[PDB]
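Here is the file upload-v6.csv (CSV, N, CA and C atoms).
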chain,number,residue,atom,x,y,z
A,1,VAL,N,87.7,102.5,82.0
A,1,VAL,CA,88.9,101.8,81.7
A,1,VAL,C,89.8,102.4,80.8
A,2,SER,N,91.1,102.0,80.8
A,2,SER,CA,92.2,102.5,80.0
A,2,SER,C,92.2,102.0,78.6
A,3,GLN,N,91.2,101.3,78.1
A,3,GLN,CA,91.0,100.9,76.8
A,3,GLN,C,90.8,102.1,75.9
A,4,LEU,N,89.8,102.9,76.2
A,4,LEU,CA,89.4,104.1,75.6
A,4,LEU,C,90.4,105.2,75.7
A,5,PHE,N,91.1,105.1,76.8
A,5,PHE,CA,92.3,105.9,77.0
A,5,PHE,C,93.3,105.7,75.9
A,6,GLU,N,93.6,104.5,75.5
A,6,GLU,CA,94.5,104.2,74.5
A,6,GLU,C,93.9,104.3,73.1
A,7,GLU,N,92.6,104.3,73.0
A,7,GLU,CA,91.9,104.7,71.8
A,7,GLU,C,92.2,106.1,71.4
A,8,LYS,N,91.8,107.0,72.4
A,8,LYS,CA,91.8,108.4,72.2
A,8,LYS,C,93.1,109.1,72.4
A,9,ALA,N,94.0,108.6,73.3
A,9,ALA,CA,95.2,109.3,73.6
A,9,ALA,C,96.2,109.2,72.5
A,10,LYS,N,96.3,108.0,71.8
A,10,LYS,CA,97.1,107.7,70.7
A,10,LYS,C,96.8,108.5,69.5
A,11,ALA,N,95.6,109.0,69.4
A,11,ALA,CA,95.2,110.0,68.4
A,11,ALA,C,95.7,111.3,68.6
A,12,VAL,N,95.5,111.9,69.8
A,12,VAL,CA,95.8,113.2,70.2
A,12,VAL,C,97.3,113.5,70.2
A,13,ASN,N,98.1,112.4,70.4
A,13,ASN,CA,99.6,112.5,70.3
A,13,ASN,C,100.1,112.8,68.9
A,14,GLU,N,99.3,112.5,67.9
A,14,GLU,CA,99.7,112.5,66.5
A,14,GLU,C,98.7,113.0,65.6
A,15,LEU,N,97.7,113.8,66.1
A,15,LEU,CA,96.7,114.4,65.3
A,15,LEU,C,97.2,115.5,64.4
A,16,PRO,N,96.7,115.9,63.3
A,16,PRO,CA,97.3,116.9,62.5
A,16,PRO,C,97.2,118.3,63.1
A,17,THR,N,96.3,118.5,64.0
A,17,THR,CA,96.1,119.7,64.8
A,17,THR,C,96.7,119.3,66.1
A,18,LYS,N,98.0,119.2,66.2
A,18,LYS,CA,98.7,118.8,67.4
A,18,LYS,C,98.4,119.6,68.6
A,19,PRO,N,98.4,119.0,69.8
A,19,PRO,CA,97.8,119.7,71.0
A,19,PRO,C,98.4,121.0,71.3
A,20,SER,N,97.5,122.0,71.7
A,20,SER,CA,97.9,123.3,72.0
A,20,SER,C,98.6,123.4,73.4
A,21,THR,N,99.3,124.5,73.6
A,21,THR,CA,100.4,124.6,74.5
A,21,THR,C,100.0,124.3,76.0
A,22,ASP,N,98.9,124.9,76.5
A,22,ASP,CA,98.5,124.7,77.9
A,22,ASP,C,97.7,123.4,78.0
A,23,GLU,N,97.1,122.9,77.0
A,23,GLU,CA,96.4,121.7,76.9
A,23,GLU,C,97.3,120.5,76.9
A,24,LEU,N,98.4,120.6,76.2
A,24,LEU,CA,99.5,119.7,76.1
A,24,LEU,C,100.1,119.2,77.5
A,25,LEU,N,100.2,120.1,78.5
A,25,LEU,CA,100.6,119.8,79.8
A,25,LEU,C,99.7,118.9,80.5
A,26,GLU,N,98.4,119.1,80.5
A,26,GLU,CA,97.4,118.3,81.0
A,26,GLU,C,97.3,117.0,80.3
A,27,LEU,N,97.4,117.0,78.9
A,27,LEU,CA,97.4,115.8,78.2
A,27,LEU,C,98.7,115.0,78.4
A,28,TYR,N,99.9,115.6,78.6
A,28,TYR,CA,101.0,114.9,79.0
A,28,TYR,C,100.8,114.2,80.4
A,29,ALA,N,100.4,115.0,81.4
A,29,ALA,CA,100.3,114.5,82.7
A,29,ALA,C,99.4,113.3,82.8
A,30,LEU,N,98.2,113.4,82.2
A,30,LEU,CA,97.2,112.3,82.2
A,30,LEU,C,97.5,111.2,81.3
A,31,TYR,N,98.1,111.5,80.1
A,31,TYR,CA,98.6,110.4,79.2
A,31,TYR,C,99.7,109.6,79.8
A,32,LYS,N,100.7,110.2,80.3
A,32,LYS,CA,101.8,109.5,81.0
A,32,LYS,C,101.3,108.8,82.2
A,33,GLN,N,100.3,109.4,82.9
A,33,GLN,CA,99.6,108.7,84.0
A,33,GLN,C,99.1,107.3,83.7
A,34,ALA,N,98.2,107.2,82.7
A,34,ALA,CA,97.6,105.9,82.4
A,34,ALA,C,98.4,105.1,81.5
A,35,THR,N,99.3,105.7,80.8
A,35,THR,CA,100.2,105.0,79.9
A,35,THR,C,101.2,104.1,80.7
A,36,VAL,N,102.1,104.6,81.5
A,36,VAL,CA,102.9,103.8,82.3
A,36,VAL,C,102.3,103.4,83.6
A,37,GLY,N,101.4,104.2,84.2
A,37,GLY,CA,100.7,103.8,85.4
A,37,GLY,C,101.3,104.3,86.7
A,38,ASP,N,102.6,104.7,86.7
A,38,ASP,CA,103.2,105.1,87.9
A,38,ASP,C,104.1,106.2,87.5
A,39,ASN,N,104.6,107.0,88.5
A,39,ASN,CA,105.9,107.7,88.3
A,39,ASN,C,107.0,106.9,87.9
A,40,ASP,N,107.5,107.1,86.7
A,40,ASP,CA,108.4,106.3,85.9
A,40,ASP,C,109.7,106.9,85.8
A,41,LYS,N,109.9,107.9,84.9
A,41,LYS,CA,111.1,108.5,84.6
A,41,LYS,C,111.4,109.7,85.4
A,42,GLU,N,112.0,109.4,86.6
A,42,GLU,CA,112.3,110.4,87.6
A,42,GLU,C,113.6,111.0,87.3
A,43,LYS,N,113.8,111.5,86.1
A,43,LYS,CA,114.8,112.5,85.7
A,43,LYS,C,114.3,113.2,84.5
A,44,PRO,N,113.5,114.2,84.5
A,44,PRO,CA,113.4,115.1,83.4
A,44,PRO,C,114.7,116.0,83.4
A,45,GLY,N,115.1,116.5,82.3
A,45,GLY,CA,116.4,117.0,82.1
A,45,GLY,C,116.8,118.2,82.7
A,46,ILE,N,118.0,118.7,82.4
A,46,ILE,CA,118.8,119.6,83.2
A,46,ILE,C,118.5,121.0,82.9
A,47,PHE,N,118.5,121.4,81.6
A,47,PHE,CA,118.0,122.6,81.1
A,47,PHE,C,116.5,122.4,80.7
A,48,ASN,N,115.9,121.3,81.0
A,48,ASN,CA,114.6,120.9,80.5
A,48,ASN,C,113.5,121.4,81.4
A,49,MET,N,113.4,122.7,81.5
A,49,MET,CA,112.4,123.4,82.3
A,49,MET,C,111.0,123.1,81.9
A,50,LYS,N,110.8,122.8,80.6
A,50,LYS,CA,109.5,122.4,80.1
A,50,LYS,C,109.1,121.0,80.6
A,51,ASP,N,110.0,120.0,80.5
A,51,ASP,CA,109.8,118.7,80.9
A,51,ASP,C,109.7,118.6,82.4
A,52,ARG,N,110.5,119.4,83.1
A,52,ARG,CA,110.3,119.5,84.6
A,52,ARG,C,109.0,120.0,85.1
A,53,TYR,N,108.3,120.9,84.4
A,53,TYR,CA,107.0,121.3,84.7
A,53,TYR,C,106.0,120.3,84.4
A,54,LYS,N,106.0,119.7,83.2
A,54,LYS,CA,105.2,118.6,82.8
A,54,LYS,C,105.3,117.4,83.7
A,55,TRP,N,106.5,117.0,84.1
A,55,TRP,CA,106.8,115.9,84.9
A,55,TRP,C,106.3,116.1,86.3
A,56,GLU,N,106.3,117.4,86.8
A,56,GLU,CA,105.8,117.8,88.1
A,56,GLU,C,104.3,117.6,88.2
A,57,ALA,N,103.6,118.0,87.1
A,57,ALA,CA,102.2,117.9,87.0
A,57,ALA,C,101.8,116.5,86.8
A,58,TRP,N,102.7,115.6,86.5
A,58,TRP,CA,102.5,114.2,86.4
A,58,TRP,C,102.7,113.5,87.7
A,59,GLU,N,103.8,113.8,88.4
A,59,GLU,CA,104.2,113.4,89.7
A,59,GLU,C,103.2,113.7,90.7
A,60,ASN,N,102.3,114.7,90.5
A,60,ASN,CA,101.1,115.0,91.3
A,60,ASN,C,100.2,113.8,91.5
A,61,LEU,N,100.2,112.9,90.5
A,61,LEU,CA,99.4,111.7,90.5
A,61,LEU,C,100.1,110.4,90.6
A,62,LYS,N,101.4,110.4,90.9
A,62,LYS,CA,102.3,109.3,90.9
A,62,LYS,C,101.9,107.9,91.2
A,63,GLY,N,101.0,107.7,92.2
A,63,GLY,CA,100.6,106.4,92.6
A,63,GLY,C,99.3,105.9,92.1
A,64,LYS,N,98.3,106.8,92.0
A,64,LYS,CA,97.0,106.4,91.7
A,64,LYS,C,96.6,106.6,90.2
A,65,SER,N,97.6,107.2,89.5
A,65,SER,CA,97.6,107.6,88.1
A,65,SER,C,96.7,106.9,87.2
A,66,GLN,N,96.9,105.6,87.0
A,66,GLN,CA,96.1,104.8,86.0
A,66,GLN,C,94.6,105.0,86.2
A,67,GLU,N,94.2,105.0,87.4
A,67,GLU,CA,92.8,105.0,87.8
A,67,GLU,C,92.1,106.3,87.6
A,68,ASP,N,92.8,107.4,87.9
A,68,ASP,CA,92.2,108.7,87.7
A,68,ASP,C,92.4,109.1,86.3
A,69,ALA,N,93.5,108.9,85.7
A,69,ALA,CA,93.7,109.2,84.3
A,69,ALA,C,92.7,108.7,83.4
A,70,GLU,N,92.5,107.3,83.3
A,70,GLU,CA,91.5,106.7,82.5
A,70,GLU,C,90.1,107.3,82.5
A,71,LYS,N,89.6,107.8,83.6
A,71,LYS,CA,88.3,108.4,83.8
A,71,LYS,C,88.2,109.8,83.4
A,72,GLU,N,89.2,110.6,83.8
A,72,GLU,CA,89.3,112.0,83.4
A,72,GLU,C,89.6,112.1,81.9
A,73,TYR,N,90.2,111.1,81.3
A,73,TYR,CA,90.9,111.3,80.1
A,73,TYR,C,90.0,111.4,78.9
A,74,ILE,N,89.0,110.5,78.9
A,74,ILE,CA,87.9,110.6,77.9
A,74,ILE,C,87.3,111.9,77.8
A,75,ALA,N,87.0,112.6,78.9
A,75,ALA,CA,86.4,113.9,78.9
A,75,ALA,C,87.3,115.0,78.6
A,76,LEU,N,88.6,114.8,78.6
A,76,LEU,CA,89.5,115.8,78.1
A,76,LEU,C,89.6,115.6,76.6
A,77,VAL,N,89.9,114.4,76.1
A,77,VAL,CA,90.3,114.2,74.8
A,77,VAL,C,89.1,114.3,73.9
A,78,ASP,N,87.9,114.1,74.3
A,78,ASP,CA,86.8,114.3,73.4
A,78,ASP,C,86.5,115.7,73.0
A,79,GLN,N,86.7,116.6,74.0
A,79,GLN,CA,86.6,118.0,73.7
A,79,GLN,C,87.8,118.6,73.0
A,80,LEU,N,88.9,117.9,73.1
A,80,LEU,CA,90.1,118.2,72.4
A,80,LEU,C,90.1,117.7,71.0
A,81,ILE,N,89.6,116.5,70.6
A,81,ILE,CA,89.4,116.0,69.3
A,81,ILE,C,88.4,116.8,68.6
A,82,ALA,N,87.4,117.4,69.3
A,82,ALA,CA,86.5,118.4,68.7
A,82,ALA,C,87.2,119.6,68.2
A,83,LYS,N,88.3,120.0,68.7
A,83,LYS,CA,89.1,121.1,68.2
A,83,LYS,C,90.1,120.6,67.1
A,84,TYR,N,90.6,119.3,67.3
A,84,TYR,CA,91.8,118.9,66.8
A,84,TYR,C,91.6,117.9,65.6
A,85,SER,N,90.5,117.3,65.4
A,85,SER,CA,90.3,116.4,64.3
A,85,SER,C,90.7,116.8,63.0
A,86,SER,N,90.2,118.0,62.5
A,86,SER,CA,90.7,118.6,61.3
A,86,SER,C,90.5,120.1,61.3

Once you've parsed the file, please lay out its structure as structure tokens.
Amino acid sequence: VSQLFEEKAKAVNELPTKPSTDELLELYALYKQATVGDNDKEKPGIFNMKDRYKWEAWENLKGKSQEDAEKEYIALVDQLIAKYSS
């Protein structure tokens, strides 16, 4: 369930060891996935090549998002908090 998702995800977004560059993409994709639950903001910006890549990796899971995110998410963020706690 998405309960533990919002336990863990809300930490990694604002941890003092903020998420690393290639890990951030996965964490965006999956965080945005279970957070809003659908493809939501279908306009990442114009020069926004970063957001366009992240949003594409998100749109990959556009419909089923919530359900796959919540189960994958725990096993991402626990090994991330292991790096990122302090």

For residue 73 of chain A, which residue out of A:16, A:25, A:33, A:51 is the nearest one, using only C-alpha atoms?
-> A:33

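When only C-alpha atoms are used to measure the gap to residue 57 of chain A, the shortest distance among A:17, A:75, A:22, A:2 belongs to A:22.
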
DSSP-assigned alpha helix (DSSP H) members of chain A, reported as a ChimeraX atom specification = /A:2-12,21-36,49-59,65-84

Would you kindly return, as a PDB file with N, CA and C atoms, keeping the file's coordinate frame, each protein, DNA or RNA residue with an atom no farther than 8 Å from any atom of residue 36 of chain A, considering only N, CA and C atoms and excluding same-chain residues fewer than 4 positions away?
ATOM      1  N   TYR A  31      98.100 111.500  80.100  1.00  0.00           N
ATOM      2  CA  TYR A  31      98.600 110.400  79.200  1.00  0.00           C
ATOM      3  C   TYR A  31      99.700 109.600  79.800  1.00  0.00           C
ATOM      4  N   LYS A  32     100.700 110.200  80.300  1.00  0.00           N
ATOM      5  CA  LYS A  32     101.800 109.500  81.000  1.00  0.00           C
ATOM      6  C   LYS A  32     101.300 108.800  82.200  1.00  0.00           C
ATOM      7  N   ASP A  40     107.500 107.100  86.700  1.00  0.00           N
ATOM      8  CA  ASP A  40     108.400 106.300  85.900  1.00  0.00           C
ATOM      9  C   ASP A  40     109.700 106.900  85.800  1.00  0.00           C
ATOM     10  N   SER A  65      97.600 107.200  89.500  1.00  0.00           N
ATOM     11  CA  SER A  65      97.600 107.600  88.100  1.00  0.00           C
ATOM     12  C   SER A  65      96.700 106.900  87.200  1.00  0.00           C
ATOM     13  N   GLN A  66      96.900 105.600  87.000  1.00  0.00           N
ATOM     14  CA  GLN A  66      96.100 104.800  86.000  1.00  0.00           C
ATOM     15  C   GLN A  66      94.600 105.000  86.200  1.00  0.00           C
TER      16      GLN A  66
END

What is the atom CA of residue 24 of chain A-atom CA of residue 61 of chain A distance in Å, reported with one decimal?
-> 16.5 Å

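If all atoms listed in the file are the atoms counted, then among A:41, A:10, A:18, A:5 the closest residue to residue 69 of chain A is A:5.
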
With only N, CA and C atoms as the basis for distance, which of A:70, A:82, A:56, A:64 is at the shortest distance from residue 6 of chain A?
->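 Closest to residue 6 of chain A, using only N, CA and C atoms: A:70.
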
Need the neighbours of (92.9, 113.0, 68.8): which residues are at most 8 Å away, counting all atoms listed in the file, as a VMD selection string?
-> chain A and resid 7 to 17 77 to 78 80 to 82 84 to 85

Output file for the residues above (N, CA and C atoms, as a PDB file, keeping the file's coordinate frame):
ATOM      1  N   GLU A   7      92.600 104.300  73.000  1.00  0.00           N
ATOM      2  CA  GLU A   7      91.900 104.700  71.800  1.00  0.00           C
ATOM      3  C   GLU A   7      92.200 106.100  71.400  1.00  0.00           C
ATOM      4  N   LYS A   8      91.800 107.000  72.400  1.00  0.00           N
ATOM      5  CA  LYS A   8      91.800 108.400  72.200  1.00  0.00           C
ATOM      6  C   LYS A   8      93.100 109.100  72.400  1.00  0.00           C
ATOM      7  N   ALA A   9      94.000 108.600  73.300  1.00  0.00           N
ATOM      8  CA  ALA A   9      95.200 109.300  73.600  1.00  0.00           C
ATOM      9  C   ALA A   9      96.200 109.200  72.500  1.00  0.00           C
ATOM     10  N   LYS A  10      96.300 108.000  71.800  1.00  0.00           N
ATOM     11  CA  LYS A  10      97.100 107.700  70.700  1.00  0.00           C
ATOM     12  C   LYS A  10      96.800 108.500  69.500  1.00  0.00           C
ATOM     13  N   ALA A  11      95.600 109.000  69.400  1.00  0.00           N
ATOM     14  CA  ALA A  11      95.200 110.000  68.400  1.00  0.00           C
ATOM     15  C   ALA A  11      95.700 111.300  68.600  1.00  0.00           C
ATOM     16  N   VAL A  12      95.500 111.900  69.800  1.00  0.00           N
ATOM     17  CA  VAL A  12      95.800 113.200  70.200  1.00  0.00           C
ATOM     18  C   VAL A  12      97.300 113.500  70.200  1.00  0.00           C
ATOM     19  N   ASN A  13      98.100 112.400  70.400  1.00  0.00           N
ATOM     20  CA  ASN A  13      99.600 112.500  70.300  1.00  0.00           C
ATOM     21  C   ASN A  13     100.100 112.800  68.900  1.00  0.00           C
ATOM     22  N   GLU A  14      99.300 112.500  67.900  1.00  0.00           N
ATOM     23  CA  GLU A  14      99.700 112.500  66.500  1.00  0.00           C
ATOM     24  C   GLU A  14      98.700 113.000  65.600  1.00  0.00           C
ATOM     25  N   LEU A  15      97.700 113.800  66.100  1.00  0.00           N
ATOM     26  CA  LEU A  15      96.700 114.400  65.300  1.00  0.00           C
ATOM     27  C   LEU A  15      97.200 115.500  64.400  1.00  0.00           C
ATOM     28  N   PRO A  16      96.700 115.900  63.300  1.00  0.00           N
ATOM     29  CA  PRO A  16      97.300 116.900  62.500  1.00  0.00           C
ATOM     30  C   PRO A  16      97.200 118.300  63.100  1.00  0.00           C
ATOM     31  N   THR A  17      96.300 118.500  64.000  1.00  0.00           N
ATOM     32  CA  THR A  17      96.100 119.700  64.800  1.00  0.00           C
ATOM     33  C   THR A  17      96.700 119.300  66.100  1.00  0.00           C
ATOM     34  N   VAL A  77      89.900 114.400  76.100  1.00  0.00           N
ATOM     35  CA  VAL A  77      90.300 114.200  74.800  1.00  0.00           C
ATOM     36  C   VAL A  77      89.100 114.300  73.900  1.00  0.00           C
ATOM     37  N   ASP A  78      87.900 114.100  74.300  1.00  0.00           N
ATOM     38  CA  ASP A  78      86.800 114.300  73.400  1.00  0.00           C
ATOM     39  C   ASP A  78      86.500 115.700  73.000  1.00  0.00           C
ATOM     40  N   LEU A  80      88.900 117.900  73.100  1.00  0.00           N
ATOM     41  CA  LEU A  80      90.100 118.200  72.400  1.00  0.00           C
ATOM     42  C   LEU A  80      90.100 117.700  71.000  1.00  0.00           C
ATOM     43  N   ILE A  81      89.600 116.500  70.600  1.00  0.00           N
ATOM     44  CA  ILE A  81      89.400 116.000  69.300  1.00  0.00           C
ATOM     45  C   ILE A  81      88.400 116.800  68.600  1.00  0.00           C
ATOM     46  N   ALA A  82      87.400 117.400  69.300  1.00  0.00           N
ATOM     47  CA  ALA A  82      86.500 118.400  68.700  1.00  0.00           C
ATOM     48  C   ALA A  82      87.200 119.600  68.200  1.00  0.00           C
ATOM     49  N   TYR A  84      90.600 119.300  67.300  1.00  0.00           N
ATOM     50  CA  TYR A  84      91.800 118.900  66.800  1.00  0.00           C
ATOM     51  C   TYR A  84      91.600 117.900  65.600  1.00  0.00           C
ATOM     52  N   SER A  85      90.500 117.300  65.400  1.00  0.00           N
ATOM     53  CA  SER A  85      90.300 116.400  64.300  1.00  0.00           C
ATOM     54  C   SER A  85      90.700 116.800  63.000  1.00  0.00           C
TER      55      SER A  85
END

Considering only C-alpha atoms, state which residue in the set A:67, A:79, A:1, A:53 is at the smallest distance from residue 28 of chain A.
->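 Ranking A:67, A:79, A:1, A:53 by distance to residue 28 of chain A, first place goes to A:53.
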
Which residue gives the smallest distance to residue 55 of chain A among A:29, A:86, A:21, A:38, with all atoms listed in the file counted?
-> A:29

Distance of atom CA of residue 58 of chain A from atom CA of residue 26 of chain A, expressed in Å to one decimal place =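 Going from atom CA of residue 26 of chain A over to atom CA of residue 58 of chain A, I get 8.5 Å.
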
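Going from atom C of residue 74 of chain A over to atom C of residue 44 of chain A, you cover 28.3 Å.
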